[PDB]
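In: pasting an experimental structure, sequence included:
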Amino acid sequence: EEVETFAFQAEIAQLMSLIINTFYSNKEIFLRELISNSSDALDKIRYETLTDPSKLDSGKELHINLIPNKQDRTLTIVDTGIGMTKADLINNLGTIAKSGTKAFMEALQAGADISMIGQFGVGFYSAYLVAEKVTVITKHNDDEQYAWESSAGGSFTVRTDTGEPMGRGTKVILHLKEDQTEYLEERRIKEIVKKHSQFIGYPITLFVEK
Ligand SMILES: CCc1cc(-c2n[nH]c(C(=O)O)c2-c2ccc3c(c2)OCO3)c(O)cc1O
């Protein structure tokens, strides 16, 4: 397979390193932030459909599924939102893009708490509070399915995805750190959704393992 490797823009690499090295204890915020991103992407495709019905030809269901897998030590968050083209995937996760990253990095100096990370438009990276590696698989109506992945360290890879086709949307696979497996426990995931997410205008379904 063809794999491209990219460097994160410096400020994002710096942010990632701060997140990976922190003992910040309220790590459950990652779920609120990823669900929020899914909801924003769901809003995007749904808006586009008001004007163009064929936008949902790739899938009419608009929802978010949470899939813990204890055997694989992964928690997967899948949404059927607008997805990302390859260019937007690289831009949105590899650079400051539209975010307040610089202000956030100053806010951290000033000693603010990273729970404000989502208000600075960089909530995705909180995933690194709980994951050693994150894979993002995405399919936008205007492009092919791509898999982005990073274990931090300053780089990430993007490759065309040969996995199960998603009709449209984004799937985030969190390869959890050894000491963060509480997020694969059904009781914990339920408790967290309600505290940081029962505000979302889309169905959020937790798949219980058999
Ligand atoms: C990896 C982060 C993430 C992104 C998306 C997503 N899909 N499409 C888009 C889009 O704007 O086109 C996004 C998305 C959602 C929130 C964002 C974002 C992209 O960049 C900053 O904040 C998503 O649906 C879920 C996610 O967790």
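Out: Received, thanks. Numbers count the residues shown, from 1 in each chain.
In: spell out which parts of this protein neighbour the ligand.
Out: 34, 37-38, 40-41, 44, 79, 81-84, 88, 92-93, 121, 124, 136, 170, 172 (C-beta under 6 Å from any ligand atom). All C-beta spots, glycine's among them, are computed from the backbone N, C-alpha and C.
In: can you give me the helices in the protein?
Out: 10-21, 29-51, 86-94, 101-109, 186-196 (DSSP state H).
In: now the ones you listed in TSV, with mean neighbour count and distance to residue 152?
Out: Below are the helices of the chain laid out as TSV (neighbours: other C-beta atoms under 10 Å; distance: least, C-beta to C-beta, whole Å):
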stretch	mean neighbour count	distance to residue 152
helix 10-21	17	5
helix 29-51	19	14
helix 86-94	18	12
helix 101-109	15	15
helix 186-196	15	23
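In: now the residue in the chain positioned nearest to the ligand, nearest residue through space, not along the chain?
Out: Closest residue of the chain to the ligand, C-beta to the nearest ligand atom: residue 41 (3.1 Å). Excluding the flanking residues, the one nearest residue 41 by C-beta to C-beta, 6 or more residues apart in numbering is residue 81, at 2.8 Å.
In: tally of neighbours for the one you found?
Out: Using other C-beta atoms under 10 Å, residue 81 has 26 neighbouring residues.
In: quick one: contacts for the residue lying closest to residue 119 once chain neighbours are set aside?
Out: Once flanking residues are discounted, residue 119 sits nearest to residue 100: 7.8 Å by C-beta to C-beta, 6+ apart. Contact analysis of residue 100 by C-beta atoms under 8 Å, 6 or more residues apart in numbering lists 119-122.
In: now swap in residue 7 and tell me
Out: Counting by C-beta under 8 Å, 6+ apart, residue 7 makes contact with 13, 94, 154-155.
In: about what we covered before: got a markdown table for the contacts of residue 100, with distance to residue 65 and neighbour count too?
Out: Shown next, in a markdown table, are those (distance: C-beta to C-beta, whole Å; neighbours: other C-beta atoms under 10 Å):
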| residue | distance to residue 65 | neighbour count |
| --- | --- | --- |
| 119 | 26 | 11 |
| 120 | 27 | 19 |
| 121 | 24 | 16 |
| 122 | 24 | 24 |
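In: mind checking the end-to-end distance for stretch 75-85?
Out: 23 Å (C-alpha to C-alpha, to the nearest Å).
In: now that stretch: how far from the chain's centre is it?
Out: 8 Å (C-alpha atoms, centre = their mean, to the nearest Å).
In: likewise for stretch 119-133?
Out: 8 Å.
In: ditto for stretch 11-22
Out: 16 Å.
In: kindly report the same for stretch 3-11.
Out: The mean C-alpha position of stretch 3-11 is separated from the chain mean by 17 Å, C-alpha atoms, centre = their mean.
In: ok, back up a step: OK, contacts around the residue of the chain closest to the ligand?
Out: If a contact means C-beta under 8 Å, 6+ apart, then residue 41 has 79, 81-83, 169-170 as its contacts.
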